[PDB]
Amino acid sequence: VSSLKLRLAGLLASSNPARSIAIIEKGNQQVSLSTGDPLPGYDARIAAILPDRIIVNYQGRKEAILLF
Amino acid sequence: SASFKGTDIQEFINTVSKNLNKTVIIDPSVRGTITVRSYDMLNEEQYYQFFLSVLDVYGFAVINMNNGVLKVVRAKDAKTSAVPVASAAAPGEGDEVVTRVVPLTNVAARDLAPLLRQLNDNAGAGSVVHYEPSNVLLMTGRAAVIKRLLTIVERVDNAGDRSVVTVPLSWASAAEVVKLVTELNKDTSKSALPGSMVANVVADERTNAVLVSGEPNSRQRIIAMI
Amino acid sequence: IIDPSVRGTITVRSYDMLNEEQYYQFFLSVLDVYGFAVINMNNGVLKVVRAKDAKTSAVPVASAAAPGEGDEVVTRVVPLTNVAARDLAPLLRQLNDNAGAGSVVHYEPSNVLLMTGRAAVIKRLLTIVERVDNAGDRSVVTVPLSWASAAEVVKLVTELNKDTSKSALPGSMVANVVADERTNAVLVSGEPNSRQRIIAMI
Numbered sequence: 097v098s099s100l101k102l103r104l105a106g107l108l109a110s111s112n113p114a115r116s117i118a119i120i121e122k123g124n125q126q127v128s129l130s131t132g133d134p135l136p137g138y139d140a141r142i143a144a145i146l147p148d149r150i151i152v153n154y155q156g157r158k159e160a161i162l163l164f
Numbered sequence: 028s029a030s031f032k033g034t035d036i037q038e039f040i041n042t043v044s045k046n047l048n049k050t051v052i053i054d055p056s057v058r059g060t061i062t063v064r065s066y067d068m069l070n071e072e073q074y075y076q077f078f079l080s081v082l083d084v085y086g087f088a089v090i091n092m093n094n095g096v097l098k099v100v101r102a103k104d105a106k107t108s109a110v111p112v113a114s115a116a117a118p119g120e121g122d123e124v125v126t127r128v129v130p131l132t133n134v135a136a137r138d139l140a141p142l143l144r145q146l147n148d149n150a151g152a153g154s155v156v157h158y159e160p161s162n163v164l165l166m167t168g169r170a171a172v173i174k175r176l177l178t179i180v181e182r183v184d185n186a187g188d189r190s191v192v193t194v195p196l197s198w199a200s201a202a203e204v205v206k207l208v209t210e211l212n213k214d215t216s217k218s219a220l221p222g223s224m225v226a227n228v229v230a231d232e233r234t235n236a237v238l239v240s241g242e243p244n245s246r247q248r249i250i251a252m253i
Numbered sequence: 052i053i054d055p056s057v058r059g060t061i062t063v064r065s066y067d068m069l070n071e072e073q074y075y076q077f078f079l080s081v082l083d084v085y086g087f088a089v090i091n092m093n094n095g096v097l098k099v100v101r102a103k104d105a106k107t108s109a110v111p112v113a114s115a116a117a118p119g120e121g122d123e124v125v126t127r128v129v130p131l132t133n134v135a136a137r138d139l140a141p142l143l144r145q146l147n148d149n150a151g152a153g154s155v156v157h158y159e160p161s162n163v164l165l166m167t168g169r170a171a172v173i174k175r176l177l178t179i180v181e182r183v184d185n186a187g188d189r190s191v192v193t194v195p196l197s198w199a200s201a202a203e204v205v206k207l208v209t210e211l212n213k214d215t216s217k218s219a220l221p222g223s224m225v226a227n228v229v230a231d232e233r234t235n236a237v238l239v240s241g242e243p244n245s246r247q248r249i250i251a252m253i
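Here it is, written out as C-alpha cells:
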C-alpha cells in the first residue's frame, strides 16, 4: 500500500466544469486539490483520482491510497 | 457516491457545492461534522435530494432561491422572509420547507390546534397553528409533514358530518312521537359526548313526517325506534 | 458610509460571474445574511446601519406595482376589507417576528393593515391575505317556494340546526335565515360550503 502519512477525508465525483475534485487533509489542515496540481507538502504529483483509490506518482512510483 | 467520513459540515458545503456547481453562502455559528458510508451513486436528482436531507438531520436548514442559489440559516424558521408556499398541486418532498394553508370547513379550528401544535411541535423552529374567524388553517412545517397532516384533516373532517333525511308515517301521531322521543333517549348522568355525533329531532304537523339530522352511526338508532 | 460596531467577516466560493445587476443583488443579499442592513439613497449612495430598523427615516414604500426583490426593505400597507385586523396580528407578528428589528403590525379603525418587513416577505404575506380573505365571504341568495308555508319553515329551522354543547365555531362560516311573508320565499346568507346545507333541508 501507500507509505505516505496522508488521510483521505473526502472523495466526491468529478464536477461538471472541472476534470476531478478531491479533498485531502495533511497536518490537521484541510485543503482542496485537483488532478494535476502539485502537493504543497511533498514533491509528489497526482496522476489521477479514481472513485475507489488514489494514484499519486511519489518518487516515480505508483501508490494506492485506500479509504480510512 | 456519497462516501463522506468524518467530513466537516463546512468542507461538506464547500466540496459538495463544488460538485453541484452552485453558489452558497454559509452563516456563522455552524460547527460540526457528519460521517456516512454509501454504496449506490447519487448525482442525478437524488444528489440534491439527499444533500438537503443531510442538512435536515442536524436541523441546520437551508432555503434555495431562483436568481442565486440557496443559503444556510441558523434561525431554522420560516421567519426568514423566504417561504415558497405550495398550492396543493406541488406537495414537494420531505426535504424542503413550505408554508401551507387550508380553509377547514366543518370543525372548530381551535381544539385541533393544541393537539397539532404538540404532535408537530418541531423544536427546531417548526410550524405554528392559528385560528381566524374565517377558519383559515395554516402552517409551515416541512414538506413531508404536509402529507401526514393533509391526510389527518381529510380523514377527520370526512367523518360523516351533518346530513339530513326524513321518514313518512302511515297512520300514527306525529307531534306525539317526537314529543316522546327526547324522553326515552335524552341524556345520562354524564353526557355521551359533546354536542356533535348526536342527532336532534323536530317535526311538522303538515305532512305527518318527522325530521332527523346527524351522523351515519347516530341516525340509524332513531330510525330503529321509529 | 459605514457605521461603527460593525465587526466580522464572510467567506464564500463562487463559480459564476456576477457584475451586471446580480452584483448589487447578491451584495445586498450578503449584507442581509448577517442582518447588518443597508438603505440606499438617490443623490448619494447607500449606508450601513446597526439599528436594522425601518425607524431610520428612510423606508421606500412600494405601491403594489413594485414588489422589489427580497434584498431591500420597504414598508407596505393594505386596507383589509373583510376581517377583523386584530387577530391575524398576533399570528403574523409571530410568524414574521423578525428578530433583527423586523416589521410590526397595527390596527386602525379604518382597517389599515401595514408592515415594513423585507421585500421577499411581501410576496408571502400578500399571498396570505389574498388567499384567506378570498375565502368565500358573505354572499346572498334566495329560493322561492311552490306551496308550503313560509314563516313556519324558518320558524322551524333554527330548532333543527341551531347549536351544540360547544359552538361549531365563531359567528362566521355559518349562515343566518330570515324570510318575508310577501313573496313566499326565504333568505339565506353565508359561505359556499354552509348554504348548501340550508338548500338541502329546504
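Heads up: the protein sequence lines correspond to chains C, H and A, in order.
Heads up: the first sequence is residues 97 to 164, going by full-length UniProt numbering.
Heads up: the second sequence is residues 28 to 253, going by full-length UniProt numbering.
Heads up: the third sequence is residues 52 to 253, going by full-length UniProt numbering.
The C-beta atom is built at its ideal place from N, Cα and C for all residues, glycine as well.
Spatial distance of residue i from residue j (CA atoms)
i	j	result
residue 42 (chain H)	residue 108 (chain C)	8 Å
residue 139 (chain A)	residue 175 (chain A)	14 Å
residue 49 (chain H)	residue 69 (chain H)	17 Å
residue 98 (chain H)	residue 66 (chain H)	28 Å
residue 120 (chain H)	residue 147 (chain A)	24 Å
residue 123 (chain C)	residue 134 (chain C)	16 Å
residue 81 (chain A)	residue 130 (chain C)	29 Å
residue 74 (chain A)	residue 51 (chain H)	15 Å
residue 200 (chain A)	residue 253 (chain H)	26 Å
residue 224 (chain A)	residue 241 (chain A)	6 Å
residue 104 (chain C)	residue 29 (chain H)	14 Å
residue 255 (chain H)	residue 123 (chain H)	Since the displayed chain H opens at 28 and closes at 253, residue 255 (chain H) lies outside it and no answer follows.
residue 230 (chain H)	residue 157 (chain H)	40 Å
residue 76 (chain H)	residue 85 (chain A)	27 Å
residue 58 (chain H)	residue 222 (chain H)	54 Å
residue 12 (chain H)	residue 170 (chain H)	Absent from the model: residue 12 (chain H). The displayed extent of chain H is 28 to 253, so no value can be given.
residue 150 (chain H)	residue 96 (chain A)	42 Å
residue 105 (chain H)	residue 147 (chain C)	39 Å
residue 116 (chain C)	residue 145 (chain C)	7 Å
residue 53 (chain H)	residue 90 (chain H)	11 Å
residue 167 (chain A)	residue 143 (chain A)	12 Å
residue 9 (chain H)	residue 195 (chain A)	A question about residue 9 (chain H) goes unanswered here, because the residues of chain H that appear run from 28 up to 253.
residue 172 (chain A)	residue 153 (chain A)	10 Å
residue 152 (chain C)	residue 114 (chain C)	19 Å
residue 185 (chain A)	residue 244 (chain A)	14 Å
residue 100 (chain A)	residue 120 (chain C)	41 Å
residue 141 (chain C)	residue 92 (chain A)	54 Å
Bounding residues of the alpha helix (DSSP H) (the contiguous stretch that carries residue i)
i	result
residue 42 (chain H)	36-47
residue 252 (chain H)	246-252
residue 229 (chain A)	Here residue 229 (chain A) belongs to no alpha helix (DSSP H); instead the beta strand (DSSP E) covers 227-230.
residue 141 (chain A)	139-146
residue 205 (chain A)	202-205
residue 31 (chain H)	Where residue 31 (chain H) is concerned, there is no enclosing alpha helix (DSSP H), given that its DSSP letter is neither H nor E.
residue 208 (chain H)	Per DSSP, residue 208 (chain H) belongs to no alpha helix (DSSP H) and is neither H nor E.
residue 78 (chain A)	73-84
residue 170 (chain A)	170-184
For residue i, the residue or residues it bridges with in DSSP
i	result
residue 141 (chain C)	C:134, C:153
residue 193 (chain H)	H:238
residue 126 (chain C)	C:121
residue 158 (chain C)	C:153
residue 52 (chain H)	H:98
residue 63 (chain H)	H:31
Element boundaries [beta strand (DSSP E), containing residue i]
i	result
residue 121 (chain C)	117-122
residue 103 (chain C)	103-106
residue 88 (chain A)	88-90
residue 164 (chain H)	163-166
residue 98 (chain A)	98-100
residue 127 (chain A)	127-130
Check: residue i C-beta below 7 Å from any heavy atom of the ligand ZN
i	result
residue 147 (chain C)	Of ligands this structure carries none, so the ligand ZN is not represented either.
Self-check item: Proximal residues, the segment 70-81 of chain A versus chain H, C-beta separation under 8 Å
Solution: 73, 76, 77, 80, 81
Exercise. With 9 Å as the limit, tell me which residues of the segment 98-117 of chain C have their beta carbon closer than that to any beta carbon of chain H; keep them in chain order.
Key: 104, 105, 106, 107, 108, 109, 110, 111, 112, 113, 114, 117
Quiz item: Contact between the segment 160-168 of chain H and the segment 190-205 of chain H: three or more CB pairs below 8 Å?
Solution: no
Quiz item: Counting pairs of Cβ atoms below 8 Å between the segment 148-159 of chain C and the segment 32-46 of chain H, do you hit three or more?
Solution: As far as the Cβ criterion goes, the segment 148-159 of chain C does not touch the segment 32-46 of chain H, which means the pair count is below three.
Quiz item: Is it a yes or a no for the segment 200-212 of chain A touching the segment 205-219 of chain H, going by three-plus beta-carbon pairs under 8 Å?
Solution: Contact between the segment 200-212 of chain A and the segment 205-219 of chain H is not established, with fewer than three Cβ pairs separated by less than 8 Å.
Quiz item: Going along the chain, which residues of the segment 169-198 of chain H sit with their C-beta nearer than 7 Å to a C-beta in chain A?
Solution: Listed in chain order, the positions of the segment 169-198 of chain H with a beta carbon within less than 7 Å of a beta carbon of chain A are 189, 191.
Quiz item: Counting Cβ pairs, one atom from each stretch, are 3 or more of them under 8 Å apart for the segment 104-122 of chain A and the segment 117-134 of chain H?
Solution: no
Practice problem: Could you run through the segment 115-148 of chain C and flag, in chain order, every residue whose CB is less than 8 Å away from some CB of chain H? | Solution: Listed in sequence order: 117, 119, 126, 128, 147.
Exercise. Please list the residues of the segment 84-103 of chain H that have a C-beta atom closer than 7 Å to any C-beta atom in chain A, keeping them in chain order.
Key: 94, 95, 98
Quiz item: Taking any Cβ of chain A, which residues in the segment 138-170 of chain H have a Cβ under 7 Å from it, in chain order?
Solution: 155, 157, 159, 160, 161, 162, 163
Exercise. Check each residue of the segment 236-250 of chain H: if its Cβ is closer than 8 Å to any Cβ of chain A, include it; give the result in chain order.
Key: 238, 240
Quiz item: If you measure beta-carbon to beta-carbon, which residues of the segment 107-131 of chain A are closer than 9 Å to chain H?
Solution: The segment 107-131 of chain A vs chain H, Cβ under 9 Å: 120, 121.
Self-check item: Short-range partners of chain H found in the segment 212-235 of chain A, where Cβ spacing is below 9 Å
Solution: Flagged, chain order: 212, 213, 214, 215, 216, 217, 218, 219, 220, 221, 222, 223, 224.
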